[PDB]
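Each remark here refers to the structure printed beneath this line.
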Amino acid sequence: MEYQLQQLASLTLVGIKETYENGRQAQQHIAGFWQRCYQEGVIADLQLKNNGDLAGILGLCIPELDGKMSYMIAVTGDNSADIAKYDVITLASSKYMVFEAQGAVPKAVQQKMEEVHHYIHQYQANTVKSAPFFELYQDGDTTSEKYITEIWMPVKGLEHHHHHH
Ligand SMILES: CCNc1cc2oc3c/c(=[NH+]\CC)c(C)cc-3c(-c3ccccc3C(=O)OCC)c2cc1C
Ligand SMILES: c1ccc([P+](c2ccccc2)(c2ccccc2)c2ccccc2)cc1
């Protein structure tokens with residue numbers, strides 16, 4: 001599997017986080033969540049705020065300590081008075097394995113997520129289960145077979161994996 005190693009400083013993310021019981025069939029809920037954010041003008045409003053620290057819209061999967069799973073639609077923004085309407089989180093600095101899913105959204109993303117899932121199974125000491133992972137949707141036609149979604153998986157100590165020696 002191909003991936004790029006990337007590192008991010010700590011960032012401020014502005015958007016809306018919803019919380020789902022399962023994290024399993026949440027895929028249907030996540031679909032509805034995207035649809036609602038588009039319909040209610042939230043995507044458009046967040047786009048205005050995107051400072052380009054990351055060049056697109058994020059779909060973050062956030063683990064909850066009670067076992068629930070949250071999904072946050074967000075952009076990187078300047079920490080400046082958006083708490084009144086939006087959720088604002090700090091995304092703690094981390095290294096990442098960054099994968100590319102090429103094809104029409106969401107199917108290409110789902111298929112790649114499955115492959116990533118199977119792949120990182122061999123890196124249990126290096127992935128970070130408590131840290132958010134995310135989809136990154138940069139500018140483009142998400143219905144195009146050429147469209148690329150990035151999948152960002154946080155890692156620690158990856159250099160020590162015996163695969164790299
Ligand atoms: C700039 C990013 N723009 C978009 C990003 C999106 O990410 C999605 C992630 C998903 N899960 C995690 C992979 C699921 C299930 C649906 C998604 C849709 C989606 C949700 C509801 C209905 C249709 C779509 C959809 O994909 O319509 C075709 C584009 C989606 C749509 C747009 C428009
Ligand atoms: C609990 C919650 C999330 C993960 P995981 C993961 C998958 C495969 C092997 C190890 C870990 C994940 C990844 C993609 C989709 C669903 C779950 C995961 C979480 C954070 C960082 C790396 C991997 C694991 C346990």
Side-chain angles (χ1 to χ4, degrees), residues 2-20 23 26-27 29-65 68-78 80-110 112-113 116-117 120 123 126-144 146-158:
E2 311 290 336
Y3 67 90
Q4 292 287 345
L5 186 50
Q6 290 266 73
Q7 185 168 24
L8 296 176
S10 288
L11 296 173
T12 300
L13 279 41
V14 185
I16 299 179
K17 183 187 82 166
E18 288 193 348
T19 303
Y20 311 104
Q27 200 64 205
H29 287 331
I30 285 168
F33 186 29
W34 275 104
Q35 188 272 326
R36 276 183 288 108
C37 281
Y38 269 110
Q39 183 170 331
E40 294 312 303
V42 172
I43 302 299
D45 198 56
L46 291 178
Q47 281 172 321
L48 294 166
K49 304 182 188 300
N50 194 334
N51 69 3
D53 284 347
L54 289 172
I57 305 174
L58 284 81
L60 300 108
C61 287
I62 302 170
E64 300 291 350
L65 300 179
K68 292 185 191 195
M69 192 197 78
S70 291
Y71 191 90
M72 189 181 178
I73 293 168
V75 299
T76 53
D78 298 327
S80 303
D82 283 287
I83 292 89
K85 176 160 54 161
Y86 290 116
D87 299 309
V88 188
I89 63 169
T90 300
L91 184 63
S93 178
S94 185
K95 298 189 182 185
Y96 294 85
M97 299 172 103
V98 186
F99 306 82
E100 289 181 336
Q102 191 161 41
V105 179
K107 183 175 177 183
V109 184
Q110 287 158 354
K112 193 66 177 182
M113 269 288 188
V116 168
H117 182 72
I120 63 188
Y123 296 85
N126 299 123
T127 50
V128 186
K129 290 171 178 66
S130 63
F133 63 84
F134 62 89
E135 306 137 41
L136 182 64
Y137 300 93
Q138 310 176 255
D139 285 338
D141 175 13
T142 56
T143 71
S144 169
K146 296 187 200 180
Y147 184 81
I148 294 168
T149 308
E150 296 185 349
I151 298 168
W152 289 62
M153 298 298 321
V155 288
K156 285 170 62 187
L158 187 56

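The chain is numbered in sequence order, starting from 1. Heavy-atom basis, side chains included; hydrogens, waters and symmetry copies ignored.
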In chain order, what residues pass the salt bridge (charged side-chain N to carboxylate O under 4.0 Å, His left out) check against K68, with sequence neighbours excluded? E21

So, using side-chain hydrogen bond (donor to acceptor under 3.5 Å, both in side chains) as the criterion, who are the partners of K129 when residues are at least two apart? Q124

Mind checking whether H29 and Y20 have parallel, tilted or perpendicular rings, split at 30° and 60°? parallel

List for me each residue that meets salt bridge (charged side-chain N to carboxylate O under 4.0 Å, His left out) alongside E18, sequence neighbours excluded, and say none if there are none. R36

Polar side-chain atom of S10 near backbone of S93 as donor-acceptor pair, under 3.5 Å: yes

Under a 4.5 Å cut-off applied to non-hydrogen side-chain atoms, are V42 and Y86 in contact? yes

For the residue pair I148 and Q138, establish whether any side-chain heavy-atom pair is separated by less than 4.5 Å. no

Ignoring hydrogens, what is the shortest heavy-atom contact between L91 and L60? Give both atom names and the distance. CD1-CD2, 4.3 Å

Least distance between heavy atoms, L46 atom then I73 atom: CD1-O, 3.8 Å

Residue pair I30 / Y71: nearest heavy atoms and the distance that separates them: CD1-CD1, 3.6 Å

Determine whether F33 and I16 make a side-chain contact, defined as any pair of heavy atoms from C-beta on separated by less than 4.5 Å. yes

Indicate the atoms forming the closest heavy-atom contact of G157 with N126, along with that distance. O-ND2, 3.0 Å

Sequence neighbours excluded, which residues qualify as side-chain hydrogen bond (donor to acceptor under 3.5 Å, both in side chains) partners of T19? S70

I'd like to know whether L54 forms a side-chain contact (heavy atoms from CB on, under 4.5 Å) with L8, so could you lay out the CA-CA distance, the side-chain angles of the two residues, the decisive distance to 0.1 Å, and finally the verdict. CA-CA 9 Å; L54 289 172; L8 296 176; 3.9 Å; yes

Residues in side-chain hydrogen bond (donor to acceptor under 3.5 Å, both in side chains) with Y147, at least two apart? none

Do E135 and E150 come close enough that some side-chain heavy atom pair is under 4.5 Å? no

Could you tell me which residues satisfy salt bridge (charged side-chain N to carboxylate O under 4.0 Å, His left out) with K17, sequence neighbours excluded, listed by chain and number? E64

Residues that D53 engages under side-chain contact (heavy atoms from CB on, under 4.5 Å), provided they are two or more places apart: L11, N51, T76

What is the distance from atom CG of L5 to atom NZ of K95, rounded to the nearest 0.5 Å? 6.5 Å

Can you tell me which residue pairs pass the salt bridge (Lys or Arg N to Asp or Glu O under 4.0 Å) test with a partner in residues 3-16, sequence neighbours excluded? none

For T149 and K112: C-alpha separation, side-chain torsions, deciding distance, then whether side-chain contact (heavy atoms from CB on, under 4.5 Å) applies. CA-CA 9 Å; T149 308; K112 193 66 177 182; over 6 Å; no

Pairwise distance CE(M113) to CZ(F133) - rounded to 0.5 angstrom: 5.0 Å

Find the distance between CD1 (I120) and CE (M153) and round it off to the nearest 0.5 Å. 4.0 Å

Close side-chain approach of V105 to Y137, heavy-atom, < 4.5 Å: yes

Validation row: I151, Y3 side chains within 4.5 angstrom (heavy atoms): no

Counting distance only, does the side-chain N/O of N50 pair as donor-acceptor with the main-chain N or O of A55 below 3.5 Å? no

If I compare all heavy atoms of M69 with all of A26, which pair ends up nearest, and what's the gap? CE-CB, 4.1 Å

Salt bridge (charged side-chain N to carboxylate O under 4.0 Å, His left out) filter on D87, not counting sequence neighbours, yields none

Near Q4 CD, under 6.0 Å, is it more than 12 heavy atoms from other residues, nucleotides or ligands? no

Using side-chain contact (heavy atoms from CB on, under 4.5 Å) as the criterion, list what pairs up with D139, not counting sequence neighbours. none

Can you sort out the partners of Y38 under ring pair (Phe, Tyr, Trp, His ring centres under 6.0 Å), two or more places apart, ordered by chain and number? none

side-chain contact (heavy atoms from CB on, under 4.5 Å) against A131, all qualifying residues, sequence neighbours excluded: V128, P154

For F99 and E2, the nearest pair of non-hydrogen atoms, with its separation, is CD2-O, 3.6 Å

Step-by-step side-chain contact (heavy atoms from CB on, under 4.5 Å) determination, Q102 to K146: CA-CA 6 Å; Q102 191 161 41; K146 296 187 200 180; 4.2 Å; yes

